[PDB]
Every structure is written in structure tokens, then in C-alpha cells.
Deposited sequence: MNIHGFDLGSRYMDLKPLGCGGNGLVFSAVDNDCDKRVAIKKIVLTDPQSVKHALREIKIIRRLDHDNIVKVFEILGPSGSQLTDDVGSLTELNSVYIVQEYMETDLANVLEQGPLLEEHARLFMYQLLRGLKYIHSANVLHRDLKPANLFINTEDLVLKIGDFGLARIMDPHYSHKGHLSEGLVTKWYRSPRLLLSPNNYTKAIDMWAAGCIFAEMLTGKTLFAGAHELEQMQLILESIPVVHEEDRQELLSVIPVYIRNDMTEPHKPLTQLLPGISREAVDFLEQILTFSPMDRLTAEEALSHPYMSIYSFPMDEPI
């Protein structure tokens, strides 16, 4: 019951920072999502506020207000209420190719925007992608958004690129592109593309399906895991076509251009939108 504006406070879940509540705005009779934030946390909240406050795109969750002691402009981030998240949608099964393709287009539009603003998403995963099922609108959650320049066991590693498994602190625009490809594959199958228990099993799963076409990358992998490194890494044992058996050639071909081992062969959000597979939303 914090403030006179935000009534009927009901929990929605838990973010990587704090709790999320669902509340009704008293000014306009429309629902909002409020993030409560409980030092090193003070510096981390200051950066997050400055960024998300200046971003406004159709595929980025809208941030309405920044509050503190009960409606004063701990911190409270008031943002738009979305019907559900992608994780919830995919728990009910895979999507029709037309829906996976439409959400991928929106995800890429949202990424092209934040990348253009030199912001990246450090935690791109289906739980951070919000959906309004009637409108078929996908929006990228604000938590995780950062400038390009405790509870560790609870952070998801399944959408991490091979480069991010090898250099865990270095974040780039390309790492978001890998996660976008993993999310697309998951929308089509309903299953996690690479579901490794630890960083070692993860890399082994990717290496079973993704070709290593550069000697620099193969030399780097030979130092980390010599046993599962062959002389010809150009031909995986279980390629992407085998991991997505029911889905179309067009979709697998597009995904093969995103799920590249090296960030230098990978399509940027802008290049992926220009690809004939995405360019169909004129």
C-alpha cells in the first residue's frame, strides 16, 4: 500500500535484483509493474536509472517513474505491465513458425535500438522478454540493460555464447546476438537449444553442433579442452538441422548465420533485420 497512487500491490515474481509487484495506477485505471530495490548496490542502481530513463522504443518495456520513500520522485521503478513472459508462453509448447518469426523480428528491432544507443542486454533469456499475447507484441525487459563500456548459482548460463563461456566478464553486442539465436531456436522447438549443467558441458554441446572455422578459435579451444578438439572442426557431429528436425530450411539457414562460433562471422541485429527471412515485415 506504498503511496496513494499505487493500490492493490500483488507479487509477480523475482528479478536478479529485487521483487516485482503488480499494482493498479489510481490516476489512470491501468495496471503497472513495480520493481523494489534494496553500498555497491547504490552505484549499480544509479547507472541502471540513467540508461533506462533515456530509452524509448516499441520493443523495450516502458519505464514510467523512479520513486523512493512511498511515491517520491529503497527505490521503486514503475514500468508498463505486460501480460506474461516468453518463458511462460514456451512452457505450454513450441510456437507456430509465424509467431516465432514475428517475435524474433521484434527482439531484433529492440536489440538494433539499444545497440545503436551503445547499451547491451547482459541477461537476454525468455524470462526477460515480455509478451502481450493479444497484440503479439514482444518487449525487452529493462533489468540487465548496461553501457557497453551473491546468487551466482541462480544466473542462467544456457544463452551464453562460446566467447562468453571462455571470457566470462567481457560483454559485447555480439553476445546478445548469440542469445537471440538461442531464443529463436527455443521458440521453434519449445526446448532449450544448449542445456549444459556447467560451462564445460555447455561448450561440449555447442561444439557438437556449431562449426569452428577459424584457426585462432580452434587454437584457443585446444588449450581449454584438448580431448573434444579434432583436426577438422568445420563439420559438427550433430549439426543445427538435426537439433531442429521439424522446422523449415529457411529458419535453420537464418539461424546458422546467427549461431556462428566467432562473433566476426555473426550477423549484427541490423544485418539480421535486412536478411530476406526478416525483411518480410515491410
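Trainee: Could you please spell out the deposited residue ranges that have no C-alpha entry in the coordinates?
Mentor: No C-alpha coordinates exist for 1-6, 45-47, 83-94, 171-179, 313-319.
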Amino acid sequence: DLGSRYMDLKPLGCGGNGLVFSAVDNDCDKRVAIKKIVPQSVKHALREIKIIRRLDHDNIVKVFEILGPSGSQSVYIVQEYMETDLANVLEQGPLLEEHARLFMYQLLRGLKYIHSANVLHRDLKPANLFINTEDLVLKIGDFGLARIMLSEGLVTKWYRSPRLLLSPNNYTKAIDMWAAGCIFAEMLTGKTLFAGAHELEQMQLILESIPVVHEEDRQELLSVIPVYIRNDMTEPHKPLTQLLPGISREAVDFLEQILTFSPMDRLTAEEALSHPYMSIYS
From here on, numbers count along this sequence of modelled residues.
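Trainee: When the other PDB entries of this protein are compared, is residue 15 left blank in at least a third of them?
Mentor: yes, residue 15 frequently unmodelled elsewhere, at least a third of entries.
Trainee: Higher mean Cα B-factor in the deposited model: 271-279 or 4-12?
Mentor: Per the PDB entry, the higher value belongs to 4-12.
Trainee: Pick between 237-245 and 42-50: the one whose mean CA B-factor in the entry is higher.
Mentor: Higher of the two, by average CA B-factor, is 42-50.
Trainee: Looking at the entry's B-factor column for C-alpha atoms only, identify whether residue 64 ranks in the lowest, middle or highest third of its chain.
Mentor: For residue 64, whose C-alpha B-factor we compare with every modelled residue in the chain, the answer is the middle third.
Trainee: Comparing against every modelled residue in the chain, figure out the third that the C-alpha B-factor of residue 202 lands in (lowest, middle or highest).
Mentor: Tercile = middle for this residue's CA B-factor.
Trainee: What third of the chain, by the recorded C-alpha B-factor, contains residue 71?
Mentor: Highest third of the chain for residue 71's C-alpha B-factor.
Trainee: What third of the chain does residue 232 rank in for C-alpha temperature factor, lowest, middle or highest?
Mentor: For residue 232, the deposited C-alpha B-factor lands in the highest third.
Trainee: Quick check on the deposited entry: does the C-alpha B-factor of residue 140 sit in the lowest, middle or highest third of its chain?
Mentor: For residue 140, the deposited C-alpha B-factor lands in the lowest third.
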